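These notes are about the structure you will find just below.
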Amino acid sequence: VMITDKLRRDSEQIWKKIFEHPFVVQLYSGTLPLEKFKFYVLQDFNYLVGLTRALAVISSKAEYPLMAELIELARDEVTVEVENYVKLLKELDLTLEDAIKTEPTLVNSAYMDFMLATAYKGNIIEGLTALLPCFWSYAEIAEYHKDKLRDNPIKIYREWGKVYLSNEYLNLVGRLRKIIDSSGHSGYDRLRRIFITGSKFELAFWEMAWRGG
Amino acid sequence: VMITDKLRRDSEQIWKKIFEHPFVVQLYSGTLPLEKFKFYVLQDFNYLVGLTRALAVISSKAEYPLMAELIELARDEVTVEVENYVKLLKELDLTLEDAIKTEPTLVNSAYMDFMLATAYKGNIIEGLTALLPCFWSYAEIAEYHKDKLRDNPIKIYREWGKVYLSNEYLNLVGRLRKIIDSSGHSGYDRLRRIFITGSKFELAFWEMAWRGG
Amino acid sequence: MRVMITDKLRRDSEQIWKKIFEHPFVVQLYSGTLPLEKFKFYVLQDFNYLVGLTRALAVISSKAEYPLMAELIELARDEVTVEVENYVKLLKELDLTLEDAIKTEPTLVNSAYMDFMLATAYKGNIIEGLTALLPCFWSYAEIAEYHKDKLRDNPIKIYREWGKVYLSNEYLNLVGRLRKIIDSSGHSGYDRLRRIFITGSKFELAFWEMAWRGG
Amino acid sequence: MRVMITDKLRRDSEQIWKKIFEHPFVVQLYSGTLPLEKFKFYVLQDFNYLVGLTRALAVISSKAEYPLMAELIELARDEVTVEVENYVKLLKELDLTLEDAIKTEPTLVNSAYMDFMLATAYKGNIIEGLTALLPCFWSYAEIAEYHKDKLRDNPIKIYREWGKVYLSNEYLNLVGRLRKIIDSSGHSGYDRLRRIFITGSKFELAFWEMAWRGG
């Protein structure tokens with residue numbers, strides 16, 4: 001049994017809660033009030049930066065060529081993805097400055113600090129595992145609700161969700177999983193706790209997005 | 001106006017919430033069910049270790065003699081304080097192993113990762129500021145409730161609370177504040193955000209301790 | 001009436017930069033007299049440099065505020081992509097492969113210099129981290145400017161291609177930008193910057209020297 | 001039938017450790033022939049070493065699991081407390097003050113070695129970090145063991161006091177413990193450990209050399 005499948009198995013109860021979270025459900029169904037979505041999208045700036053910080057630390061510690069592959073990903077987050085994000089902000093009548101000036105919630109800061117902290121104290125696999133719930137759950141969620149997406153009345157939501165269903169996104173999850181699954185068999189327990197914590201943060205992030213605070 | 005007094009001022013609404021939190025109030029009054037206290041005390045192990053990790057990082061980056069002073073503090077947490085903690089555990093019919101095997105809540109892990117993460121990306125003053133809510137609020141809380149403490153029927157709670165009223169503890173807070181207050185005038189806003197985040201974590205920690213999860 | 005921080009860094013390291021400008025390896029590389037064998041030893045030692053520069057930039061980036069962080073990760077990214085590609089093309093002209101580079105044992109000097117970069121990025125703020133990298137970026141441009149004439153007249157094509165990179169406007173503008181960042185910082189804490197910059201400058205000299213010694 | 005990891009590290013660095021055991025500075029310090037002036041230059045350069053060893057231990061401890069983290073922070077704490085006190089007493093016997101030490105400019109070799117320690121602690125796991133510190137702790141004990149006889153017969157009291165520290169059971173037990181931690185780790189990844197240990201060993205030799213050169 002591959003490490004990644006084990007992690008998914010041991011965090012099963014939590015992912016079930018992510019899949020059916022009201023924010024997630026309504027976003028994919030199209031019922032989500034645009035304002036709630038805007039609040040979520042503004043909190044995403046901190047998320048994009050945080051993800052980039054943790055990836056920079058992991059790459060700073062990795063062997064070549066992996067460090068090159070990781071740095072490309074970090075670069076894409078604050079480059080290509082920032083452009084897509086600014087483009088999303090436009091559609092919502094918002095600007096990067098609005099995002100930049102948004103105050104991250106405690107959960108937002110906490111989640112990103114958890115990613116950085118794990119990258120700092122842990123080896124390459126531990127750091128990456130702290131980011132897997134993020135990458136993987138976003139793909140699982142869209143797959144889970146794929147049917148509602150086609151029936152979703154809000155063009156902005158359909159465009160947003162289609163990203164996680166794309167082959168490029170899916171290939172990225174595949175790569176991350178592969179790096180982790182091709183590693184040793186020892187220390188699984190540490191990996192399990194890292195993954196679980198990351199999964200709880202995802203659930204908490206969706207919750208704070210819904211509460212608008 | 002000194003940096004530290006400013007931080008206290010800008011996080012005033014939060015600290016009011018900490019002072020009157022049910023866990024805090026009942027602990028100091030003596031009405032706290034022993035079980036809730038035991039749950040809290042078991043979560044303290046992760047807190048002691050996390051505090052030590054963050055201090056280690058801050059010292060690794062500081063100039064001598066401050067690095068020496070900070071490492072002594074880190075050393076004391078995992079040595080002298082572990083002994084006092086084990087002694088507290090005894091009084092509660094618990095063992096270090098019980099503490100070591102306790103699973104930290106998401107808030108616990110989050111708080112410690114915030115401390116480490118801030119120590120890692122920030123300069124010496126930013127790292128220390130991430131720890132000030134911790135050190136300072138524990139002293140302010142006991143001062144605030146000092147009157148109930150002498151009227152507290154539970155010996156274990158009185159012993160626990162007396163620590164934060166002692167001259168040794170108070171001197172430590174004084175030192176920490178001094179280091180921070182003798183620093184530049186620039187970057188106050190980053191310090192403010194760090195302090196606020198740390199204060200919200202304190203409130204969250206008391207809340208999770210009360211909820212037992 | 002106060003000059004800039006980078007003006008002082010150049011000012012305070014003049015003697016060692018002079019030794020760098022006049023180092024046999026450097027002088028011979030730009031004149032075209034360097035024995036092709038010594039250049040290969042140097043190029044080979046460059047892999048570890050390429051990777052090390054990338055590691056340090058990643059750490060500085062991890063601690064920087066946005067948008068500077070993005071500007072820095074882009075530079076780190078280019079070191080290990082665009083530049084690895086160019087490095088491979090250079091290796092080719094010399095009948096060497098990336099494999100040979102990757103397998104090359106870095107001299108003590110090399111390891112040490114890269115460690116100084118990473119260590120400084122880790123313990124200091126971003127200005128201190130970048131200052132640890134300025135001797136690298138800056139001296140390579142100054143060296144080329146210094147031997148500009150000899151280059152435009154160098155018999156060996158590979159050496160010419162190699163050198164021209166540092167005289168380009170893009171490379172010059174990049175170093176300019178790194179200096180702007182350092183110079184727009186606080187007036188205090190100069191002494192720490194000075195020691196960091198001087199250490200980096202010594203490593204640069206040491207690097208040429210070990211490339212000259214072939215060990 | 002497989003020897004231990006630290007057995008291999010000693011095995012793979014035999015030639016440079018021999019040069020360390022036979023280095024003039026080392027040989028003369030233990031025989032009692034070293035000119036007191038050279039010892040002072042060395043002791044002076046030790047402050048930066050004392051601080052650097054402490055920084056690297058702090059980073060390793062910050063990443064370690066409990067209780068190893070506590071064992072390591074204690075060692076870091078002793079470096080900057082008990083040992084600074086001993087170092088001050090030594091400085092005194094030599095008519096020097098901590099102030100003189102703190103104000104001493106560390107040679108490039110010194111800075112580099114400390115940076116290698118910190119950089120290794122930062123990028124690698126705890127075993128790799130500790131392995132970067134083993135040549136330090138271990139070689140000092142082996143050197144004393146190696147020149148044991150010369151020491152018990154050294155004319156200069158300060159040198160004798162200085163040397164005896166490394167023959168004590170406590171010091172020997174500490175190195176023993178550091179080796180036990182490294183040896184109870186995984187069988188794989190040895191090559192990384194080897195390069196780290198060999199780098200550290202070269203720095204040790206370089207350190208004596210710069211102490212001998214006085215620059």
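Ligands are numbered from 1 in the order shown, chains are lettered A, B, ... in the order of the structure tokens, and residues start at 1 in each chain.
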
As an NGL selection string, please: the residues near residue 175 (chain D) (cut-off 8 Å, only C-alpha atoms, same-chain neighbours under 2 positions excluded).
:D and (134 or 137-138 or 171-173 or 177-179)

How about saving the chosen residues, N, CA and C atoms kept, as a short mmCIF file (atom, residue, chain, number, x, y, z; two decimals), in the first residue's frame?
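Result saved to selection16.cif:
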```cif
data_model
loop_
_atom_site.label_atom_id
_atom_site.label_comp_id
_atom_site.auth_asym_id
_atom_site.auth_seq_id
_atom_site.Cartn_x
_atom_site.Cartn_y
_atom_site.Cartn_z
N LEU D 134 30.86 16.43 14.07
CA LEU D 134 31.65 15.33 14.61
C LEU D 134 33.16 15.53 14.42
N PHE D 137 34.19 17.81 17.46
CA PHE D 137 34.24 17.12 18.75
C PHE D 137 35.21 15.92 18.79
N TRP D 138 35.12 15.06 17.78
CA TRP D 138 35.93 13.85 17.72
C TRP D 138 37.44 14.05 17.52
N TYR D 171 34.44 14.40 28.51
CA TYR D 171 34.57 14.84 27.13
C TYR D 171 34.50 13.63 26.22
N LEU D 172 35.17 12.56 26.63
CA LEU D 172 35.19 11.32 25.87
C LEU D 172 33.80 10.70 25.79
N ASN D 173 33.04 10.81 26.87
CA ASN D 173 31.71 10.23 26.88
C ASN D 173 30.76 11.03 26.00
N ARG D 177 28.66 9.66 22.91
CA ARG D 177 27.23 9.85 22.71
C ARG D 177 26.88 10.43 21.34
N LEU D 178 27.68 11.38 20.86
CA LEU D 178 27.39 11.97 19.56
C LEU D 178 27.52 10.88 18.49
N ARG D 179 28.52 10.02 18.63
CA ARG D 179 28.71 8.94 17.67
C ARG D 179 27.59 7.90 17.75
#
```

Taking only C-alpha atoms into account, what are the residues of chain C at most 12 Å from chain B, put as an MDAnalysis selection string?
chainID C and resid 59:65 69 119:128 185:186 188:189 192

Next, dump the selected residues to file, keeping only N, CA and C atoms, as a PDB file, in the first residue's frame.
```
ATOM      1  N   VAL C  59      16.177  30.802   0.027  1.00  0.00           N
ATOM      2  CA  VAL C  59      16.010  31.167   1.441  1.00  0.00           C
ATOM      3  C   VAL C  59      15.667  32.657   1.567  1.00  0.00           C
ATOM      4  N   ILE C  60      16.425  33.530   0.898  1.00  0.00           N
ATOM      5  CA  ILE C  60      16.118  34.967   0.957  1.00  0.00           C
ATOM      6  C   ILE C  60      14.670  35.175   0.519  1.00  0.00           C
ATOM      7  N   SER C  61      14.292  34.549  -0.587  1.00  0.00           N
ATOM      8  CA  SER C  61      12.921  34.679  -1.087  1.00  0.00           C
ATOM      9  C   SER C  61      11.881  34.204  -0.070  1.00  0.00           C
ATOM     10  N   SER C  62      12.170  33.096   0.602  1.00  0.00           N
ATOM     11  CA  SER C  62      11.226  32.572   1.588  1.00  0.00           C
ATOM     12  C   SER C  62      10.915  33.541   2.741  1.00  0.00           C
ATOM     13  N   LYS C  63      11.799  34.508   2.959  1.00  0.00           N
ATOM     14  CA  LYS C  63      11.666  35.456   4.063  1.00  0.00           C
ATOM     15  C   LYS C  63      11.265  36.859   3.640  1.00  0.00           C
ATOM     16  N   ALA C  64      11.378  37.129   2.356  1.00  0.00           N
ATOM     17  CA  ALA C  64      11.066  38.436   1.844  1.00  0.00           C
ATOM     18  C   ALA C  64       9.572  38.716   1.768  1.00  0.00           C
ATOM     19  N   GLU C  65       9.242  39.993   1.668  1.00  0.00           N
ATOM     20  CA  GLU C  65       7.860  40.399   1.541  1.00  0.00           C
ATOM     21  C   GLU C  65       7.528  40.409   0.039  1.00  0.00           C
ATOM     22  N   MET C  69       9.724  39.083  -2.932  1.00  0.00           N
ATOM     23  CA  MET C  69       9.835  37.634  -2.880  1.00  0.00           C
ATOM     24  C   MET C  69       9.660  37.026  -4.276  1.00  0.00           C
ATOM     25  N   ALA C 119      24.289  30.294   4.689  1.00  0.00           N
ATOM     26  CA  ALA C 119      24.316  30.633   6.109  1.00  0.00           C
ATOM     27  C   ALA C 119      23.933  32.092   6.345  1.00  0.00           C
ATOM     28  N   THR C 120      24.420  32.983   5.483  1.00  0.00           N
ATOM     29  CA  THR C 120      24.120  34.401   5.628  1.00  0.00           C
ATOM     30  C   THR C 120      22.654  34.686   5.296  1.00  0.00           C
ATOM     31  N   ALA C 121      22.126  34.022   4.271  1.00  0.00           N
ATOM     32  CA  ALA C 121      20.701  34.177   3.932  1.00  0.00           C
ATOM     33  C   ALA C 121      19.832  33.713   5.118  1.00  0.00           C
ATOM     34  N   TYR C 122      20.246  32.623   5.768  1.00  0.00           N
ATOM     35  CA  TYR C 122      19.493  32.080   6.908  1.00  0.00           C
ATOM     36  C   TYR C 122      19.510  32.958   8.151  1.00  0.00           C
ATOM     37  N   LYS C 123      20.689  33.374   8.581  1.00  0.00           N
ATOM     38  CA  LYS C 123      20.743  34.167   9.790  1.00  0.00           C
ATOM     39  C   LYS C 123      20.417  35.645   9.696  1.00  0.00           C
ATOM     40  N   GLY C 124      20.603  36.257   8.526  1.00  0.00           N
ATOM     41  CA  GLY C 124      20.351  37.688   8.412  1.00  0.00           C
ATOM     42  C   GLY C 124      19.068  38.082   7.726  1.00  0.00           C
ATOM     43  N   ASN C 125      18.742  39.380   7.757  1.00  0.00           N
ATOM     44  CA  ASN C 125      17.543  39.886   7.086  1.00  0.00           C
ATOM     45  C   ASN C 125      17.798  39.788   5.565  1.00  0.00           C
ATOM     46  N   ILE C 126      16.858  40.244   4.741  1.00  0.00           N
ATOM     47  CA  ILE C 126      17.042  40.113   3.298  1.00  0.00           C
ATOM     48  C   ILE C 126      18.181  40.955   2.733  1.00  0.00           C
ATOM     49  N   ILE C 127      18.394  42.137   3.296  1.00  0.00           N
ATOM     50  CA  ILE C 127      19.479  43.004   2.833  1.00  0.00           C
ATOM     51  C   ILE C 127      20.829  42.335   3.101  1.00  0.00           C
ATOM     52  N   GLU C 128      20.943  41.684   4.253  1.00  0.00           N
ATOM     53  CA  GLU C 128      22.189  41.013   4.589  1.00  0.00           C
ATOM     54  C   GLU C 128      22.372  39.798   3.675  1.00  0.00           C
ATOM     55  N   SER C 185      17.697  50.627   1.583  1.00  0.00           N
ATOM     56  CA  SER C 185      17.502  50.149   2.943  1.00  0.00           C
ATOM     57  C   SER C 185      18.006  51.157   3.968  1.00  0.00           C
ATOM     58  N   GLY C 186      17.898  50.786   5.239  1.00  0.00           N
ATOM     59  CA  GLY C 186      18.330  51.654   6.320  1.00  0.00           C
ATOM     60  C   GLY C 186      19.794  52.070   6.305  1.00  0.00           C
ATOM     61  N   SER C 188      21.600  52.449   9.019  1.00  0.00           N
ATOM     62  CA  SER C 188      22.321  51.762  10.087  1.00  0.00           C
ATOM     63  C   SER C 188      22.679  50.315   9.749  1.00  0.00           C
ATOM     64  N   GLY C 189      23.410  49.675  10.658  1.00  0.00           N
ATOM     65  CA  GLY C 189      23.808  48.296  10.453  1.00  0.00           C
ATOM     66  C   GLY C 189      24.795  48.148   9.309  1.00  0.00           C
ATOM     67  N   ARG C 192      27.777  45.405   9.598  1.00  0.00           N
ATOM     68  CA  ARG C 192      27.488  43.999   9.313  1.00  0.00           C
ATOM     69  C   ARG C 192      27.540  43.781   7.799  1.00  0.00           C
TER      70      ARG C 192
END
```

Contacts of residue 92 (chain B) within 9 Å, only C-alpha atoms, excl. fewer than 3 positions in-chain, as number ranges by chain
B: 34, 38, 87-89, 95, 156

Determine, counting only C-alpha atoms, which protein, DNA and RNA residues have an atom within 8 Å of an atom of residue 53 (chain D); residues of the same chain fewer than 5 positions away are not included. Present the result as a ChimeraX atom specification.
/D:76,79,114,117,133

Generate the output file for the selected residues, N, CA, C and O atoms, as a CSV table (one decimal), in the first residue's frame.
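The resulting part_34.csv:
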```csv
chain,number,residue,atom,x,y,z
D,76,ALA,N,24.2,23.2,23.5
D,76,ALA,CA,24.4,24.5,22.9
D,76,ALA,C,24.5,25.5,24.0
D,76,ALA,O,25.3,26.5,24.0
D,79,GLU,N,27.9,25.5,25.7
D,79,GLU,CA,28.9,26.2,24.8
D,79,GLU,C,29.0,27.7,25.2
D,79,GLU,O,30.1,28.2,25.3
D,114,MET,N,32.5,27.9,10.3
D,114,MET,CA,31.3,28.1,11.0
D,114,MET,C,30.1,28.1,10.1
D,114,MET,O,29.0,27.5,10.4
D,117,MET,N,29.1,24.6,9.1
D,117,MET,CA,28.3,24.0,10.1
D,117,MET,C,26.8,24.4,10.1
D,117,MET,O,25.9,23.6,10.1
D,133,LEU,N,29.4,18.3,12.7
D,133,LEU,CA,30.0,18.7,14.0
D,133,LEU,C,30.9,17.7,14.6
D,133,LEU,O,31.7,17.9,15.5
```

Interface, chain C side, toward chain D (8 Å; only C-alpha atoms) as a VMD selection string
chain C and resid 108 111 to 113 115 to 116 118 to 120 199 202 to 203

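Every chain A residue lying within 8 Å of chain B, based on only C-alpha atoms, is listed here: residues 106, 109, 110, 111, 113, 114, 116, 117, 118, 197, 200 and 201 of chain A.
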